[PDB]
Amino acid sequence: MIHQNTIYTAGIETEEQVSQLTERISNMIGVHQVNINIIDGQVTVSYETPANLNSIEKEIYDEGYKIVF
């Protein structure tokens, strides 16, 4: 039911970027815990339906970042 993933991003460089993406992901319905590590690009997320990995990842991409799959 609750899923946890570490998403390995690239491109996130500033505190403002981190803040914005954190808020956007966190505010998706079903997304509970979110942490973004600016040094290593790891985005850790705990989430449930209706949120899913794909929709979280889409937000990452929409903000201009990339993901290592």
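Residues carry their position along the shown sequence, with the first being 1.
A.B. asks: With respect to C-alpha B-factor, does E13 fall in the lowest, middle or highest third of the chain as deposited?
C.D. replies: For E13, the deposited C-alpha B-factor lands in the lowest third.
A.B. asks: Relative to the other modelled residues of the same chain, rank the CA B-factor of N52 and answer lowest, middle or highest third.
C.D. replies: Answer is middle: the recorded C-alpha B-factor places it there.
A.B. asks: Comparing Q42 with the other modelled residues of its chain, is its CA B-factor in the lowest, middle or highest third?
C.D. replies: Lowest third.
A.B. asks: Considering only modelled residues of the same chain, in which third does the CA B-factor of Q33 rank: lowest, middle or highest?
C.D. replies: Answer is highest: the recorded C-alpha B-factor places it there.
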